[PDB]
Amino acid sequence: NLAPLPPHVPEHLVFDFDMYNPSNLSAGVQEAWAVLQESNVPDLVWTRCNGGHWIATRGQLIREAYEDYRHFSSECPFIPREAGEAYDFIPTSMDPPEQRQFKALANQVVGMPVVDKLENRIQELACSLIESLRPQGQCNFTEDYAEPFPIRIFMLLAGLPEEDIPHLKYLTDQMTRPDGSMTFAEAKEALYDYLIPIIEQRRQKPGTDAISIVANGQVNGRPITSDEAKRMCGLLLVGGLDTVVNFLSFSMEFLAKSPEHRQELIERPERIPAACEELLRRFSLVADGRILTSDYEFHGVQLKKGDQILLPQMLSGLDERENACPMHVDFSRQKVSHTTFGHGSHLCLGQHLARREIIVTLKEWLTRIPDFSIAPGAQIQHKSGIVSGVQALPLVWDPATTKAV
Ligand code: HEM
C-alpha cells in the first residue's frame, strides 16, 4: 500500500521502507532496518508506505533534527499521521520551553534518587524470579522474566494492581506495534478510561506512589490539571510496560548464542556496565519522529511544512560512520556511540531505571545460570514498530550446571 508521490519529492530520493513490516525481518529487526544504511541509499529518503514520510538514515542527521525543535516539532511524533495526531502524551508531545516544566515533575517520580531507593527491591525481584526458574531447565524468557520483572517493578512504583497487567500490556502493545485490531486513538482512549478514576481518587486521598505524586504535582507555580496528569501518567505507563521488556529479550537472545560474551562478563564483572552500553547500542529498538513546522531545506533536501520525518534512534549506533563494524558486539569498544535513549530535550527520563534493571538482570542471571542456549527447532521472530520486540524466546539449560546463590 504505497501513497502517491508528493509533487516536491524527487523520484531518486524514494525508498519504500515499511517501518511496521521491513523486508529482511527474518534476519533480525536491527539488520532489517540497517538496509537503509547501504551505499545505494541516500542519507535522507522518502518512503511511500504508511502514508508517505521522510526517513533520516544517518546518525549525524538524526542528532541534528532532534536538536532543532524549531523546525522539527514533537507535536506529531508517531507515524502514520493519524497516530501522531491522536498522540497527546506529556511531555513528549510538547516542545521547549513548555516541555521543561513537565519534564521536571516526571523526573521526580522516575529520576535517579527514586531508582536508588528501589534498588534493593529490583535486586530482590530479579533474584526471586531467576531462582524460581533455575531448576526447571527451560523457559520462554519473554513471558517468564522479560515481562514480569520490569512490569511488576513499575506496578510497584505506580501503586497499581498486578491483575491489570494483561489488560494494560495489550493496550500498550497496540500503540507501538499495531495489530490492526484497534487504531491508536482507541488504544489511547481505553488506557485513559483506566487511569481517570484512579487519578481522581489519588487527588483526594493521595498516597506515596508515582501516580499520587503526579496527580498532585505543581507545574509553573500552579497545580497540575486532571487532563495533564492523565496524559503524563499514560506516558509513564507505556514506558514502563513496553521498553525494557523488549530490550531484555534482544540481549538474552544474543547472550544465549554467544558463550564467549557470557564468559567474559562472568570473569570480568567490572565490564558489565560497559557491556550494558554496547548492548544498548547493538540492540537499539526505538524509532519515532518529528513534524516539520514550516518549509525548510535540510542537507540539500527541501522539506515542506506538515511533512513527517522518522528519526530512527536505533540507527545512530548502527551507522558505520559512528561505530566501526556496527553489527559486531564488542564489550571493549573504546567509544560506544548511540542515541538509544533519544537525543535533545526529550532524552529518556527513565534511562537510569532502565540501566539499573538491565545491569541487575545480567549480573544475577549469569550468576545462577551461566550456561544456556536457545531451544532446538525454535525460530526466534522479531517484530517491528515504534518499539521493536521479540515474539518469544524459548531457552533451555542443564539444571546440573546452574548455581543456587
Ligand atoms: C531500554 C529502555 C528504554 C529505551 C530504549 C527508551 C527510549 C526512549 C527514547 C528514544 C525516548 C525519546 C523519544 C523522543 O524523543 O520522541 C524516550 C523518552 C522517554 N522515556 Fe524512555 N526509554 C526506555 C525506558 C523508559 C522507562 C523504563 C521509562 C519510565 C517509565 C521511560 C520513560 C520515558 C519518558 C517519560 C520519556 C519522555 C521524556 C520527554 O519527552 O521529555 N523510558 N525513551
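Bear in mind that the values in this text are calculations on the coordinates, not laboratory data. Counting neighbours? That spans all protein chains shown, and the Cβs are built from the backbone with ideal geometry, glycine included.
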Note to self: Could you work out how much longer the chain between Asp371 and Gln302 gets when fully extended? Use 0.36 nm per residue separation minus the Cα distance between them, nm to one decimal.
What the structure shows: 19.5 nm
Next item on the list: For the chain, build the charge dipole from Cβ charges (+1 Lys, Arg; -1 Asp, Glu) around the Cα centre, then report which of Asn323, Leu248, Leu125 sits farthest towards its positive end.
Entry: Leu125
Check: If you plug each phi of the range 176-183 into the Karplus form 6.51 cos²θ - 1.76 cosθ + 1.60 with θ = phi - 60°, what whole-Hz ³J(HN,Hα) values come out, in order, with x for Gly and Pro?
Finding: 9, 10, x, 8, x, 5, 8, 5
Check: If you plug each phi of the range 41-51 into the Karplus form 6.51 cos²θ - 1.76 cosθ + 1.60 with θ = phi - 60°, what whole-Hz ³J(HN,Hα) values come out, in order, with x for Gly and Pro?
Finding: 10, x, 5, 10, 10, 10, 10, 9, 6, 6, x
Notebook entry, point to check: How much length is gained if the chain between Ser26 and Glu98 is pulled fully straight, taking 0.36 nm per residue apart and subtracting their Cα-Cα distance, in nm to one decimal?
Noted result: 21.7 nm
Notebook entry, point to check: Taking neighbour Cβ counts within 10 Å as the exposure measure, how do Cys233, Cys49 sort from fewest upward?
Noted result: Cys49, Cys233
Notebook entry, point to check: Over the chain, what is the percentage of antiparallel beta bridges among all DSSP beta bridges, to the nearest 5?
Noted result: 90
Checklist line | Inter-site label distance for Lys257 and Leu5 at 7 Å from Cα along Cβ, in nm | finding: 3.6
Check: Summing +1 for each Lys or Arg and -1 for each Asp or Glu, what net charge is found among the other residues whose Cβ lies under 13 Å from the Cβ of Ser212?
Finding: +1
Notebook entry, point to check: Which value in nm describes the separation of the simple spin-label points at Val405 and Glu163, placed 7 Å from the Cα toward the beta carbon?
Noted result: 3.6
Notebook entry, point to check: Number of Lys-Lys pairs in the chain under 18 Å by Cα, sequence gap 8 or more or different chains?
Noted result: 8
Next item on the list: Taking 7 Å along the Cα-to-C-beta vector as the label spot, tell me the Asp330-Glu200 distance in nanometres, rounded to one decimal.
Entry: 5.8
Notebook entry, point to check: How large is ³J(HN,Hα) for each residue in the range 195-202, as worked out from phi by the Karplus curve 6.51 cos²θ - 1.76 cosθ + 1.60 (θ = phi - 60°), to whole Hz, x for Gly and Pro?
Noted result: 6, 2, x, 4, 4, 3, 4, 6
Next item on the list: Starting from the Cα-Cα distance between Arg321 and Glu119, subtract it from 0.36 nm times their residue separation and give me the gain in nm to one decimal.
Entry: 69.0 nm
Next item on the list: For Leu303, enumerate residues with amide H under 5 Å from its amide H, sequence gap 5+ or separate chain, H modeled in the peptide plane.
Entry: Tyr296, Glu297, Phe298
Item checked: the range 88-103-the range 270-331 distance, computed between alpha-carbon centres (Å) -> 22
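More than 33 Å apart: what percent of Cα pairs in the chain qualify? Write down the numbers at each step before the final one.
Working: 26740 of 81810 pairs.
Distances greater than 33 Å cover 33 percent of the Cα pairs.
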Notebook entry, point to check: For the chain, what is the calculated [θ] at 222 nm in deg cm²/dmol (nearest 500), taking -39500 (n - 2.57) for each run of four or more DSSP H residues and dividing by its residue count?
Noted result: -13500 deg cm²/dmol
Next item on the list: Could you calculate the FRET efficiency of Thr183 with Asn40 from 1/(1 + (r/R0)^6), where r is the beta carbon distance between them and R0 is 35 Å, rounded to 0.05?
Entry: 0.50
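Quick one: dipole size for the chain, taken about the Cα centre, charges +1 on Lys/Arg Cβ and -1 on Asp/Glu Cβ, in debye to the nearest 20. The partial results should precede the final answer.
Details: 38 positive and 54 negative charges, 165 e Å.
Computed charge dipole of the chain: roughly 800 debye.
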Note to self: For the ranges 276-285, 214-223, what's the packing order if you count other beta-carbon atoms within 10 Å of each residue, average per peptide, and put the highest first?
What the structure shows: 276-285, 214-223
